[PDB]
Every structure is written in C-alpha cells, then in structure tokens.
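Participant: Just dropping in an experimental structure and the matching sequence.
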Amino acid sequence: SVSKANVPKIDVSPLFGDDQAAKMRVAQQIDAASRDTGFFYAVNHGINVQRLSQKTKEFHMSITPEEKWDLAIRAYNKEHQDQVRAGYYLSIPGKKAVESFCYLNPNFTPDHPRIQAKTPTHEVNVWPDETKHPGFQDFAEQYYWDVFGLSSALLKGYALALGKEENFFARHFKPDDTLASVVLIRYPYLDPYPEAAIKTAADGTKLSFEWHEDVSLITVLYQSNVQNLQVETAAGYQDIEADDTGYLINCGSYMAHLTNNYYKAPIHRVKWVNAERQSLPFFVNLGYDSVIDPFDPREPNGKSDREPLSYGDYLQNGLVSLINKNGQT
Ligand SMILES: CSC[C@H](OC(=O)[C@H](CS)NC(=O)CCC[C@H](N)C(=O)O)C(=O)O
Ligand SMILES: [Fe+2]
C-alpha cells in the first residue's frame, strides 16, 4: 500500500581519509540524499554494530526493576532532580511500551566547568553497578567515542556538500564539550500488546511515535532489521527500509535552520510493530555556546533572513517542545 522511500547507501569511508576528490564525490551523494527524502544509510562506517547490538541486548535483558528506579530520570523519579536527560526512561506496562537508557558525553565529569556551573543540558552520567553489568559502562563509553568518530567524518561530508571547508561543522563538535547523546531504546514484543501503547495517525497507521523533526544537527542511528520508520515526502509517507548493517542518517532542525531549509529536517514517524527490537540513536549536538551563522546555498550571496541561534538554546527548547508535542519518552 505504502511505497518505499529512496534511501541510498553511501560508502562514507573516504571521509576518514585524505583523498580530497573522493570526499567530494561522497559530499555530492550526501547533498543529493539531503535534497531528496532526507535519509541515507552510511555504509563502510567502520563500527562493529553487531557487537553494539549484543552488548545492548545483554543490558536491556538483565537490568531489573529495582535498577531502573535507581537510575531513573526525574520524570519518573522525583528524587533525581539533576537527571533531566541521562538515565533510565521506564516503560509503563499496559500504557507505554518503550523504554530506554540515555547517556551523554563521558567528559561531563563532576569537575567539568559546565557541570560546576550547573549549566542546563549538561549532566554527569549515571551507570548501573559494575558487578551486575560487567563491562557495560566501559563498552558504552567506548561506543560514544566510536560513533563520535563516525559523526565527525559525516560532518566533514555535510560541510563539503554545502560548499564549505571540511571543518565547518566539525570544529564545533569537540570531545570536551559536545552535547551529543546516545539513547539505547528497547521496543518490546508483547502479547497481548496494549492498545493504550499504540497511537493512531490521521491516515490510520498504527504508530509507536508520532511525526516529528529531530532535535539535532544530524542523527546517526542504528536499528534492528525490522522495518518501522516512515518519512513524509510530497508523495505522502514512505517506508524506510531496514538495514542493520549501516547507520541511518538524517538532518535535524538545527541543520534546517543553518541552511535555510536547503537541507530540510525530514518529518518522520515510527510505526507500531509487535517485535523485540532496538533503536540506538546518537544525536549529533554541538557545544552549549556553539553558534554557526545561518546561510543559504540557493542564494548567490549565500545570505539568510534567519538569525544566529546558539546550540545550547536550540537544544534545551527543542527537547522541551518534543516532550510537549509527542509525550514523555
Ligand atoms: C523513545 S520514543 C521513540 C524514539 O523517538 C525518539 O527517541 C525521539 C524522536 S528522534 N527523540 C527523543 O525523544 C529525544 C531524546 C533526547 C535525549 N533524551 C537527550 O537528552 O539527548 C524512536 O525514534 O524510536
Ligand atoms: Fe526521530
């Protein structure tokens, strides 16, 4: 009934290297995908995703109810007032099926200047007990740096794509201060699956999460090989095919702002599927004070009628609004 979205597979491996011409050919593919459905799969990305899925599986299946309250964000545990972003997002059996664990920059330590200042959107990660989840924290922190690496490469391709030098975005994306996050989302198999956990789209499609744009510069997403995502195009919502060997890449609304909608943030939603699966996004966020002057690559002088917006401002408003629009996750 629903047709397949154009989601090209792009070999992003020249973005790690020093062959400048070959990086420009990748840039072009990124430009094309970004002007069309707004999604592509990055292939030859160098990350061991089957291990990521295994380590993440072992965590989700072995965390206990007790641990979840102990790690819970403020929205679920009012004792944990500093936990706005990072920690455990509980399901509600009978009502909200999905659950997840979010963590931030491992460099956000108690001595970090932004943590000392108590700056919004900066928090110190919470972790389960090492003896109960041996290896998990070190694996997860390592994953953050491996996906950080991929995202830097990708941001070099988007820079080149937009007619900029390759460091245009990446110079704002730094280990010591990035607001980027990993979310380890568990979608369960449930029998019976509670209707209260299923939303219905205007067109009748059963959904786990409604239409939205991403709160990010770009999103770098690993998921299981279970089809679920749809993207709105001028021909209506189209199905994004699953590929659990690549990363699904799209632009968030920060990119749309900077480029004056030359690279739109694609509107997408998550169909309801009764399957035990994973969705493991990395939201590529810049630094709290990062400001890029907005521009327009469709205009001869490159000038835009949008005003500069600091990443920190964008992020804190965005994440609130997303909760308001689509509910607490
Ligand atoms: C967990 S609800 C459904 C899930 O959607 C999301 O994670 C949505 C849309 S991309 N994103 C968010 O809720 C933002 C999480 C931001 C994160 N907690 C942070 O602090 O960075 C999905 O796409 O499967
Ligand atoms: Fe999304």
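Facilitator: On my side now, so go ahead. Numbers count the residues shown, from 1 in each chain. Ligands and ions are numbered 1, 2, ... in the order given.
Participant: From here on, just use CA atoms for contacts and neighbour counts.
Facilitator: OK.
Participant: Point out the residues in the stretch 151-300 of the chain that sit beside ligand 1.
Facilitator: 181, 209, 214, 279 (Cα under 6 Å from any ligand atom).
Participant: again, only this time at 8 Å
Facilitator: By Cα under 8 Å from any ligand atom, the residues of the stretch 151-300 of the chain that approach ligand 1 are 179-183, 185, 187, 208-209, 212-215, 219, 269-270, 279, 281, 283.
Participant: Can you tell me which of these end up in strands?
Facilitator: Judged by DSSP state E, the subset of those located in strands is 181-183, 185, 187, 208-209, 212, 219, 269-270, 279, 281, 283.
Participant: Rebuild those residues as a markdown table, extending it with neighbour count.
Facilitator: Converted to a markdown table, these look like this (neighbours: other Cα atoms under 10 Å):
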| residue | neighbour count |
| --- | --- |
| 181 | 22 |
| 182 | 23 |
| 183 | 21 |
| 185 | 21 |
| 187 | 19 |
| 208 | 19 |
| 209 | 21 |
| 212 | 18 |
| 219 | 23 |
| 269 | 21 |
| 270 | 19 |
| 279 | 16 |
| 281 | 21 |
| 283 | 24 |
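Participant: What is the most widely separated pair among these?
Facilitator: 181 and 208 (21.2 Å; Cα to Cα).
Participant: Any idea which residue of this structure lies closest to ligand 1?
Facilitator: Per Cα to the nearest ligand atom, residue 85 is where the chain lies closest to ligand 1, at 4.0 Å.
Participant: Tell me who's in contact with that residue.
Facilitator: 73, 102-103, 121, 123 (Cα atoms under 8 Å, 6 or more residues apart in numbering).
Participant: Go again with 7 Å.
Facilitator: Each residue near residue 85 by Cα atoms under 7 Å, 6 or more residues apart in numbering is listed here: 73, 102.
Participant: Please report the distance of it from residue 147.
Facilitator: 19 Å (Cα to Cα, to the nearest Å).
Participant: Next, the angle from the longest helix along the chain to strand 181-187.
Facilitator: In the chain, taking DSSP state H as the definition, the longest helix is helix 136-161. Angle, helix 136-161 to strand 181-187, by axes from the mean of the first three to the mean of the last three Cα atoms, to 10 degrees: 110 degrees.
Participant: what comes up buried for helix 136-161?
Facilitator: 136-137, 140-141, 143-144, 147-161 (16 or more other Cα atoms under 10 Å).
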